[PDB]
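# Have a look at this fold, sequence not included:
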Ligand SMILES: *[C@@H]1O[C@H](CO)[C@@H](O[C@@H]2O[C@H](CO)[C@@H](O[C@@H]3O[C@H](CO[C@H]4O[C@H](CO)[C@@H](O)[C@H](O)[C@@H]4O)[C@@H](O)[C@H](O[C@H]4O[C@H](CO)[C@@H](O)[C@H](O)[C@@H]4O)[C@@H]3O[C@@H]3OC[C@@H](O)[C@H](O)[C@H]3O)[C@H](O)[C@H]2NC(C)=O)[C@H](O[C@@H]2O[C@@H](C)[C@@H](O)[C@@H](O)[C@@H]2O)[C@H]1NC(C)=O
Ligand SMILES: *[C@@H]1O[C@H](CO)[C@@H](O[C@@H]2O[C@H](CO)[C@@H](O[C@@H]3O[C@H](CO[C@H]4O[C@H](CO)[C@@H](O)[C@H](O)[C@@H]4O)[C@@H](O)[C@H](O[C@H]4O[C@H](CO)[C@@H](O)[C@H](O)[C@@H]4O)[C@@H]3O[C@@H]3OC[C@@H](O)[C@H](O)[C@H]3O)[C@H](O)[C@H]2NC(C)=O)[C@H](O[C@@H]2O[C@@H](C)[C@@H](O)[C@@H](O)[C@@H]2O)[C@H]1NC(C)=O
Ligand SMILES: OC[C@H]1O[C@H](O)[C@H](O)[C@@H](O)[C@H]1O
Ligand SMILES: OC[C@H]1O[C@H](O)[C@H](O)[C@@H](O)[C@H]1O
Ligand SMILES: [Ca+2]
Ligand SMILES: [Ca+2]
Ligand SMILES: [Mn+2]
Ligand SMILES: [Mn+2]
């Protein structure tokens, strides 16, 4: 049984277990800021940043047909300082081909290049979307399960508790093919749940990189923070 | 679309929207005590109690083949005062045939008569089991999804935060047939999740009673409290 796991209770600047891309940065206080924060302390628009674990994960094997079960937990906060324009764009936990670089920002969240359902993306993602694009349901923010497309196969609206810490748990059970996610805000006690059937063998390559990506808007001040405080992950490929 | 819903932020003694069975009682403080509490304030063993919503729920229709999606949320606390003997037995949210009366107590939780997988039970339940019976996994307590049997088709161990309030969310998506449940302890921030595929048409009758049931042990002092503070439910049969 191939098992892989990591747990960051906080982030250490300079650690070589995380690959920072784009605007992503680890502060001296141990916070992972996915998108840029200006010197005035305000979030910058037109910013895209990602953080990928430095080791690829064996998610499934063609030879045996076995598929791994996995679970990831992370805490983040989104702070929206301006009344107008509308804040954007969101953050997303994703799994895709190894050695990947940032894709298009804005509503594509740094992981897609367009709004098409393309099998060549080979990407699975759980988004926390803050801006309603034309391919989005009118309600924002919302949790969404993305399978080879920014056009989610399932969405769940949630109320943002501005600047408060949210706890996320995402679990994938290989035997049932159920991807289930939960978002909890300790501040208000709010609990949101979403689940859908996803056969990862039809989406992802055998080996994948796991990461977090965030993006701010295409127009001046259409922005918000995308700060991550902790992140853990475990995967077990049965054998 | 046939929709039904109810929300009890607290329980009112004497309300006629709830059918109390066995030991179940609503206190002056607004708490639903599923199992008996002695005059000394300690939980009594050999106690079984249930509470059913007074109106039956239309879960599916044979004529159209349509199935309802539903969600229930409730808060409860289990307090285990004795070091020995081991506490028992647990509580469970369930759906089954209308006009039902309490079944066997103890490890059967007031909803089953034996440990067999019998289609005649026509019962679906999400248990919070505190005692390991021979049909149980060794880890207790645990959340379990019960389909026509006390022998869960899926279990998830959890750590009890003695006497603290736990929040539960159970959701069933008819389109995907996924039953997903979440348990959160605000006191410690612990989050537990469990999900499984359940086609209710193969289990439940068209109309069902929804309720909560609790039970204490078969031997002296093998007991604990099973207090419920709030309970809400919504179901929508597509049409
Ligand atoms: C977070 O980052 C940390 C820093 O990189 C990770 O810890 C490193 O993990 C490396 C494993 O990938 C590990 O590398 C080995 O280091 C051995 C020597 O260092 C130890 O022993 C020294 C005394 O001999 C002692 O002074 C040190 O303090 C260490 O105790 C070395 O012998 C190993 O080489 C063998 O294996 C390689 C790979 O098969 C062969 O190429 C080699 O011939 C030999 O057979 C190995 O060396 C590494 O080999 C690959 C090469 O590219 C690297 O340059 C070379 O370093 C390394 O020791 C530790 N570093 C420290 C300070 O502990 C950490 O990984 C997790 O923790 C470690 C301990 C391990 O359990 C990993 O599996 C974990 O993932 C990262 N954490 C996470 C969550 O990612
Ligand atoms: C929690 O318990 C509450 C108390 O039981 C529930 O509220 C009751 O809900 C009853 C619906 O099942 C409802 O019953 C109707 O009452 C009508 C008369 O009362 C109203 O109007 C009076 C003036 O005329 C006024 O003084 C009262 O204060 C009320 O405003 C009555 O006309 C209705 O009868 C018609 O419909 C029945 C059924 O088809 C026919 O049989 C009848 O011929 C006529 O066509 C109806 O009466 C009830 O009929 C069935 C019979 O067995 C009953 O004895 C008889 O009462 C009742 O008014 C309210 N009571 C109060 C105080 O509001 C509550 O239900 C929820 O809220 C209500 C308002 C409704 O929206 C329900 O759908 C909700 O579920 C329970 N809550 C929950 C979550 O379960
Ligand atoms: O106004 C901000 C908004 O700008 C464009 O519409 C982009 O497509 C969106 O993703 C968002 O960034
Ligand atoms: O000791 C308590 C214990 O007693 C018997 O074993 C019952 O079968 C269990 O459900 C539990 O009540
Ligand atoms: Ca969007
Ligand atoms: Ca048991
Ligand atoms: Mn979206
Ligand atoms: Mn059990």
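Looks like it arrived, so ask away. Numbers count the residues shown, from 1 in each chain, chains lettered A, B, ... in the order given. Ligands and ions are numbered 1, 2, ... in the order given.
# OK, contacts around residue A:131?
Residue A:131 is in contact with A:86-90, A:107, A:140, A:217, A:222, counting by CB atoms under 8 Å, 6 or more residues apart in numbering or on different chains. Heads up, the C-betas are built off the backbone N, CA and C, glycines and all.
# just residue A:229 next, same as before
By CB under 8 Å, 6+ apart, the neighbours of residue A:229 are A:10, A:30-32, A:74-77, A:165.
# What parts of chain A come near ligand 5?
A:107, A:129, A:131, A:133, A:136 (CB under 5 Å from the ion).
# Pull out the buried residues from these.
Among these, those classed as buried by 16 or more other CB atoms under 10 Å in any protein chain shown are A:107, A:129, A:131, A:136.
# The last one should be in a strand, yeah?
No: in this structure, residue A:136 is coil, not part of a strand, as judged by DSSP: H, G, I helix; E, B strand; the rest coil.
# Please determine how far the closest residue to residue A:218 other than its chain neighbours is located from residue A:116.
Leaving aside its sequence neighbours, residue A:218 sits nearest to residue A:106 (CB to CB, 6 or more residues apart in numbering or on different chains; 4.8 Å). According to CB to CB, to the nearest Å, residue A:106 and residue A:116 sit 16 Å apart.
# out of these two, which sits in the busier spot?
residue A:106 (20 against 13; other CB atoms under 10 Å in any protein chain shown).
# what's near enough to touch the more buried one?
Residue A:106 neighbours (CB under 8 Å, 6+ apart): A:88-89, A:215, A:217-218.
# so which pair among those is furthest apart in space?
Across those, the longest distance by CB to CB is 9.5 Å; it joins A:215 and A:218.
# hey, what's in contact with both of those two?
Counting by CB under 8 Å, 6+ apart, the residues touching both residue A:215 and residue A:218 are A:88, A:106.
# and the next element down the chain from the host helix or strand of residue A:52?
Element membership for residue A:52, per DSSP states H and E: strand A:48-53. Using DSSP H and E, the helix or strand that follows strand A:48-53 towards the C-terminus is strand A:57-58.
# So which residues make contact with that next one?
Taking CB under 8 Å, 6+ apart as the rule, strand A:57-58 contacts A:2, A:4, A:68, A:70, A:95, A:206-210, A:235, A:237.
# same thing with stretch A:152-165?
A:75-80, A:127, A:130, A:136-137, A:139-147, A:183, A:185-188, A:190, A:192-196, A:229.
# Straight-line length of stretch A:115-124, end to end?
14 Å (CA to CA, to the nearest Å).
# any bit of that stretch sitting next to ligand 7?
No: if you take CB under 5 Å from the ion as the test, stretch A:115-124 misses ligand 7, and the best it gets is 10.4 Å.
# Tell me the buried residues in that stretch?
Result for stretch A:115-124 [16+ other CB under 10 Å]: buried residues A:121, A:123-124.
# Could you do stretch A:135-142 as well?
Using 16+ other CB under 10 Å as the test for burial, stretch A:135-142 gives A:136, A:140-142.
# Narrow those to those in strands?
The members of the buried residues of stretch A:135-142 that map onto strands under DSSP state E are residue A:142.
# Now for the buried residues of stretch A:135-142: which two are most distant?
With distances taken as CB to CB, the most widely separated pair in the buried residues of stretch A:135-142 is A:136 and A:141, at 10.3 Å.
# what's the overlap in contacts for those two?
Contacts common to residue A:136 and residue A:141, judged by CB under 8 Å, 6+ apart, are residue A:129.
# Can you pull the residues of chain A lying near chain B?
A:73, A:167, A:169, A:171, A:173, A:176, A:178, A:180, A:182, A:184, A:186, A:189, A:191, A:193, A:195-197 (CB under 8 Å from any CB of the partner chain).
# Only the buried subset of those, as a PyMOL command please.
Selecting only the buried entries of the residues of chain A next to chain B in PyMOL, with 16+ other CB under 10 Å as the criterion:
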select buried, chain A and resi 73+167+169+171+173+176+178+180+182+184+191+193+195+196+197
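# List the contacts of the residue lying closest to residue A:150 once chain neighbours are set aside.
Once flanking residues are discounted, residue A:150 sits nearest to residue A:112: 4.6 Å by CB to CB, 6+ apart. Residue A:112 sits next to A:103-104, A:121, A:123, A:149-150 when contact means CB under 8 Å, 6+ apart.
# So what does residue A:112 look like in phi/psi?
Here is the backbone geometry of residue A:112 (degrees, to the nearest 10): phi -130, psi 160.
# returning to what we had before: now the contacts of residue A:229 as CSV including neighbour count?
Listed next are the contacts of residue A:229 as CSV, based on neighbours: other CB atoms under 10 Å in any protein chain shown:
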residue, neighbour count
A:10, 12
A:30, 14
A:31, 18
A:32, 25
A:74, 20
A:75, 17
A:76, 24
A:77, 19
A:165, 16
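# Narrow the residues you listed to those in strands?
Members of these lying in strands (criterion: DSSP E): A:32, A:74-77.
# of residue A:215 and residue A:218, who's got more company?
residue A:215 (33 against 14).
# would you say the more buried one is within a helix?
No: Residue A:215 sits outside any helix when classified using three-state DSSP, being strand.
# which residues touch it?
Residue A:215 makes contacts with A:35, A:47-49, A:88-91, A:105-110, A:226, as judged by CB under 8 Å, 6+ apart.
# same question, residue A:201
Neighbours of residue A:201 in contact, by CB under 8 Å, 6+ apart: A:60, A:65, A:67.
# ok and the residue in chain A nearest ligand 7?
residue A:129 (3.7 Å; CB to the ion).
# one step back: of the contacts of residue A:215 - the most surrounded one?
Among these, residue A:226 has the most neighbours (other CB under 10 Å), with 32 neighbours.
# my guess is it contacts residue A:31, does it?
No: taking CB atoms under 8 Å as the definition, residue A:226 is not a contact partner of residue A:31, at 10.8 Å.
# coming back round to it: run through the residues that contact the closest residue to the residue of chain A closest to ligand 7 other than its chain neighbours.
Excluding the flanking residues, the one nearest residue A:129 by CB to CB, 6+ apart is residue A:90, at 4.2 Å. Under the criterion of CB under 8 Å, 6+ apart, the neighbours of residue A:90 are A:109, A:127-131, A:141, A:214-215, A:226.
# Let's have those in JSON lines, adding distance to ligand 2.
Converted to JSON lines, the contacts of residue A:90 look like this (distance: CB to the nearest ligand atom, whole Å):
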{"residue": "A:109", "distance to ligand 2": "42"}
{"residue": "A:127", "distance to ligand 2": "36"}
{"residue": "A:128", "distance to ligand 2": "34"}
{"residue": "A:129", "distance to ligand 2": "34"}
{"residue": "A:130", "distance to ligand 2": "35"}
{"residue": "A:131", "distance to ligand 2": "38"}
{"residue": "A:141", "distance to ligand 2": "31"}
{"residue": "A:214", "distance to ligand 2": "43"}
{"residue": "A:215", "distance to ligand 2": "44"}
{"residue": "A:226", "distance to ligand 2": "41"}
